[PDB]
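To keep things clear, I will list the structure first and then write my remarks on it.
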Amino acid sequence: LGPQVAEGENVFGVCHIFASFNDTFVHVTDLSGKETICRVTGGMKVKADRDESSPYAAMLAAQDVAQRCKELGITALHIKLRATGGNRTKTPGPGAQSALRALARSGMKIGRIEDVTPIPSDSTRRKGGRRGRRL
RNA sequence: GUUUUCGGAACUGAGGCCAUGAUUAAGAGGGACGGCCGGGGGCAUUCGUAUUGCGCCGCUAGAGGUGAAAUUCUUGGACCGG
Ligand SMILES: [Mg+2]
Ligand SMILES: [Mg+2]
Ligand SMILES: [Mg+2]
C-alpha cells in the first residue's frame, strides 16, 4: 500500500501545521505539496468550539494523521509551521507544539522543521480600529 | 565830451598746488567658491511580500468567529495545500 522502499530508507512527505487561535490544521501532503495524504483538524476531533484550538484536539488530530500516513507508507515527515500571518498575529497557536509532539511519539520520523507564516512587507489595514479591540 | 579804465557779477579754458580725496572689514549680515551631507521637495521608473478575487489541480467536512456563542461561507466542494 504505497511505494516499494527498503527498510533502511524512509519515504518523505511534508506536513503543514496551521496553528491559529481558533483551531489547528494538520495537513500532510507530498514533497511537492500538490497531492495530499491526510488532512484532519482539531475541530474534527472535539465537538466544542472552545476546545477547537486546544492542545488535546491537536494531539488527537496529529495521531490520526500519523496513523493514516503510516498506513500509506510514509515514515518520515517534513514539518513546516504556520501562524495566521498577514496583519494578524505571528505567534503560532497552542496546538502547534502538542501536534508536533503527538506525531513525534506516534513513531513518525522527523525531517527538518521550518517556519512559514505569511510575513507581509507592508500590509493592508488591520481589522481593529484606531483605538483597537476593547475587550 | 567820451569810450575805455576801475569795480561788480554770471558764463568760462588752460595751469600750479592738496602727503589731491575711499576708516575698518563686526565671534553683524548678504553674495561667491570647494568637498561633502541629509526618510527635505517634484517628476518618471523599479522592486517586495502580504490582502482580496479568479482559473486549474489534490484530499476533503467543515471552516469563521467568542469569555461562551450566534449571525456568516460550506458535497452548486467551504477552509487547507500547490
Ligand atoms: Mg565680515
Ligand atoms: Mg454542524
Ligand atoms: Mg487556495
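Here is the naming used below: chain letters follow the sequence lines, and residue numbers restart at 1 for every chain.
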Could you list, one pair per line, each protein nitrogen or oxygen that sits under 3.5 Å from a nitrogen or oxygen of nucleotides 56-59 of chain B, together with the distance?
{"residue": "B:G58", "atom": "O4'", "partner": "A:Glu35", "partner atom": "OE2", "Å": "3.1"}
{"residue": "B:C59", "atom": "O4'", "partner": "A:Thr36", "partner atom": "OG1", "Å": "3.1"}

Contact nearer the 5' end of RNA chain B, comparing A:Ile119 with A:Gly42: A:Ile119
Distance, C1' atom - from B:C56 to B:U66, rounded to whole angstrom: 36 Å
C1'-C2'-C3'-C4' based pucker assignment for B:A25: south
Sugar-phosphate only, base, or nothing, as touched by A:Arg126 at under 4.0 Å among non-hydrogen atoms: nothing
Are any protein N/O atoms closer than 3.5 Å to N/O atoms in nucleotides 46-48 of chain B? If there are, list each pair with its distance.
{"residue": "B:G48", "atom": "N2", "partner": "A:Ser121", "partner atom": "OG", "Å": "3.0"}
{"residue": "B:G48", "atom": "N2", "partner": "A:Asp122", "partner atom": "OD1", "Å": "3.1"}
{"residue": "B:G48", "atom": "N3", "partner": "A:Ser121", "partner atom": "OG", "Å": "3.4"}

Per-nucleotide protein contact string for nucleotides 65-74 of chain B, where B marks a base within reach and S marks sugar-phosphate only (heavy atoms under 4.0 Å, - for neither): BBSSSS----
B:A70 and B:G62, which share atom name P, separated by this distance in whole Å: 15 Å
Sugar of B:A14 - north (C1'-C2'-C3'-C4' positive) or south (negative): north
Within residues 78-111 of chain A or reaching into it, pairs that qualify as ring-ring contact (aromatic ring centres under 6.0 Å, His included) - sequence neighbours excluded: A:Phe12-A:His78
Comparing A:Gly43 and A:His16 on RNA chain B - which has the more 5′ nearest nucleotide: A:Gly43
Contacting residues from residues 94-113 of chain A, given that a heavy atom lies under 4.0 angstrom of RNA chain B: none
Stacking of B:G31 on B:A32, centroid gap under 5.5 Å, tilt under 30°: yes
Under 3.5 Å for both distances: B:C80 and B:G48 as a Watson-Crick or G-U pair: no
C1'-based separation of B:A9 from B:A14 [nearest Å]: 22 Å
Partner check B:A63 against B:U5: Watson-Crick or G-U, both under 3.5 Å: no
ring-ring contact (aromatic ring centres under 6.0 Å, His included) partners for A:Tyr56, two or more places apart: none
Listing, residues 127-135 of chain A side-chain donor-acceptor contacts under 3.5 Å, not counting sequence neighbours, or none:
none

Matching residue for A:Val11 among A:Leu77, A:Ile74, A:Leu31 - test: side chain to side chain contact (heavy atoms under 4.5 Å, CB included): A:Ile74
P atoms of B:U75 and B:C54, separation to the nearest Å: 14 Å
Pairs satisfying side chain to side chain donor-acceptor pair (under 3.5 Å), at least one member in residues 19-44 of chain A, at least two apart: none
Euclidean distance for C1', B:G31 against B:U46 (whole angstrom): 41 Å
Separation between the P atoms of B:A19 and B:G15, rounded to whole Å: 22 Å
For A:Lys45, salt bridge (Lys or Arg N to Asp or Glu O under 4.0 Å) partners two or more places apart: A:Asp64
Whole angstrom value for the distance that separates P of B:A50 from NZ of A:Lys90: 12 Å
North (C3'-endo side) or south (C2'-endo side) for B:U75 via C1'-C2'-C3'-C4': south
P gap between B:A44 and B:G38, integer Å: 26 Å
Separation of the P atoms in B:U74 and B:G55, to the nearest angstrom: 13 Å
Which residues share a side chain to side chain contact (heavy atoms under 4.5 Å, CB included) with A:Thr89, sequence neighbours left out: A:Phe21, A:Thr91
Sugar-phosphate only, base, or nothing, as touched by A:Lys47 at under 4.0 Å among non-hydrogen atoms: sugar-phosphate
Only pairs under 3.5 Å count here: list side-chain donor-acceptor contacts from residues 98-117 of chain A, not counting sequence neighbours, and write none if there are none.
{"residue": "A:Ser98", "atom": "OG", "partner": "A:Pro55", "partner atom": "O", "Å": "2.4"}
{"residue": "A:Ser98", "atom": "OG", "partner": "A:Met59", "partner atom": "N", "Å": "3.3"}

Where the chi angle of B:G64 falls, syn if within 90° of 0 and anti if not: syn
Stretch residues 69-78 of chain A: residues that reach within less than 4.0 Å of RNA chain B through a heavy atom: none
Smallest separation among heavy atoms of A:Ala61 and A:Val40, with atom names: O-CG1, 3.3 Å
Pucker family that the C1'-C2'-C3'-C4' torsion assigns to B:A63: north
